[PDB]
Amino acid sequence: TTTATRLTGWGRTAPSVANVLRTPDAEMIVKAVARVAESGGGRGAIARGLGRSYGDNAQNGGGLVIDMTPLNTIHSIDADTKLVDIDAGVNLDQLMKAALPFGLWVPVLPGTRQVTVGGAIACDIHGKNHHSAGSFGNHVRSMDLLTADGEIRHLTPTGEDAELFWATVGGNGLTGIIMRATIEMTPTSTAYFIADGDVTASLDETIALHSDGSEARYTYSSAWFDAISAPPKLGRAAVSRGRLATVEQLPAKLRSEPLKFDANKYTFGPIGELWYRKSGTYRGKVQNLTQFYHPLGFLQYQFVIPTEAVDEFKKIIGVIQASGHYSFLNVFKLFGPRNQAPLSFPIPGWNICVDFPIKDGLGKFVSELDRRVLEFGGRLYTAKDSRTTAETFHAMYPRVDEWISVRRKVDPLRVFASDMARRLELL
């Protein structure tokens, strides 16, 4: 039933060999776990979704990895309660297409639709609407968790078992296997966005745009920013903000199916600077999911710095541009309020995603970035991380001990284990 497979995260780095189970039969998954629990210690088990996490949180070298993608039954969708009851292996793309005809919108979407509900919960994923909607965990009304004792537990965010529910959110698989969840969806009357585009010339302008109160007018906000140019250019951005459109805001051609699923010589001169300002500046543009949300040998790096530490954030950015490591795909956003999950990554503050080409000295440079992020009160994201230390991680998440204590109640014999758990000492 299990196949010895060579696994890696999305970054295609740090491989380890695991016996991978792949079954639609929930019963065989249950017996598998009990089989891991019976054989004493061993290197335990971990669930895996679509493998989109860049790090080592869904591989388990020398142990068992359970592939959850064949558990992809959508059980029910209800437009009146706005609830969706789905297996953990359903992906958000499948969920998005199933839910649209009910006037229901997946409440948190990440940069790719190929992620499982299970993965979305376990990494407590965020998106472009974090400042208005929180993260994925905020919208989960219930989940069924297969715990180390072989029993399936029904968890809810309030009432008893709350502690365990909030340990599972952003718990990277380490409380057990989410089999099934109920999600509350966002009502919508269209599959479209209405978007305002703003272009800044400086980091200080980017920050001001995000501090002037304009952010409250928009449910979705993000920006591509310059991580390469010298200041004051550094941190100039193409900002894209907006909301889901209502049917009366759609052009006529689109009002009958409102919920339809869907370099040159001038380039571095002043004429292109002008083109770039023009084409990035607009009001009330209607856009489908792709145009607005997916507008598009590397090391993905993501951090958030708390809101108040704006000087510190600016400094980190400068260290990056003077580093001699050049990143082109840079996404910036201001996160809103955090949730109660002790290992949830997002906090209110300045979030950035960069992508460095693997080069001589990068490894030791990002270690130095880790220290700055730590010192400035931020954290890195397990979904993006393959290489930080246990000591850095623990200090970045001061509620880790509180989280560890919950995991020890639910998994006393350390039945659930991963490459990340051992590296980050969450085992």
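Residues carry their position along the shown sequence, with the first being 1.
For residue 209, the fraction of other compared entries lacking coordinates, among those that model flanking residues, is zero, nowhere near a third.
Compared against other deposited entries of this protein, residue 194 counts as consistently modelled, with coordinates in all of those that resolve the residues around it and thus below the third mark. In this entry, residue 296 and residue 297 are separated by 10 or more residues of the deposited sequence that lack coordinates. According to the entry, the stretch of the deposited sequence that connects residue 212 to residue 213 contains no residue lacking coordinates, so the chain runs unbroken between them.
Relative to its counterpart among 279-287 and 340-348, 279-287 has the higher mean temperature factor, C-alpha atoms as listed in the PDB entry. Stretches 184-192 and 231-239 differ in mean C-alpha B factor, with the higher average recorded for 231-239. In this entry, the residue among 151, 87, 93, 163 with the greatest C-alpha B factor is 151.
Among 124, 248, 78, 144, the highest C-alpha B-factor in the deposited entry belongs to 248.
Per-chain ranking of the deposited C-alpha B factor places residue 216 in the middle third. For residue 39, the recorded CA temperature factor ranks within the highest third of the chain's modelled residues. Sort the modelled residues of the chain by CA B factor and residue 265 lands in the highest third. In this PDB entry, the Cα temperature factor of residue 113 sits in the middle third of its chain's modelled residues. Compared with the other modelled residues of the chain, the Cα B-factor recorded for residue 140 ranks in the lowest third.
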